[PDB]
């Protein structure tokens, strides 16, 4: 099903903490592409143009640079199924079975809120990140359209402080025209 009005508001960063619920890795099952290559090829330009156009205080090149810093990554594709996450970075691959570790509610400098879903990897000697946090503008069980994933090896607390880089993944089958469409229209 499409989004209830509570889901829409939550996707815009407005929600009541009492409504936040745990979620399972299954909400992210599937094969995912980084959108980074489409920022680079310049196929995301129409998105940043539209955003600039709707706000006279913003510029194209500054919106794009904000998404550049945010999207940049070499993990081009991610696969999730059966409690396992698999990462393809260039020619390297790694995978780990991930355990759920809760969620965390955040309030941003803008006063908008978000929720991260935390996961930890079962091996201390895997190439896969030990800590992974999922943020998708969803605050309760629902299958994800696209996601931002925070990946690190140090601590969950450290990743929670990351605000500038957030590699971003859309379903692998999607074309550039279709990624842009989703970005323009909710």
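Residue numbers count along the first chain shown, from 1.
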Query raised in the report: Which is higher in the entry, the mean Cα B factor of 60-68 or that of 135-143?
Result: 60-68
Query - Of 43-51 and 113-121, the stretch whose C-alpha atoms average the higher B-factor in the entry - result: 43-51
**Report entry** residue 82, C-alpha B-factor rank within chain (lowest, middle or highest third)
**Finding:** highest
Requested in this report: Please rank the C-alpha B-factors of the chain's modelled residues and tell me whether residue 22 sits in the lowest, middle or highest third.
Outcome: lowest
Requested in this report: Select lowest, middle or highest to describe the third in which the CA B-factor of residue 126 falls within its chain in this entry.
Outcome: highest
Query raised in the report: Lowest, middle or highest third: where is residue 105 by Cα B-factor in its chain?
Result: lowest
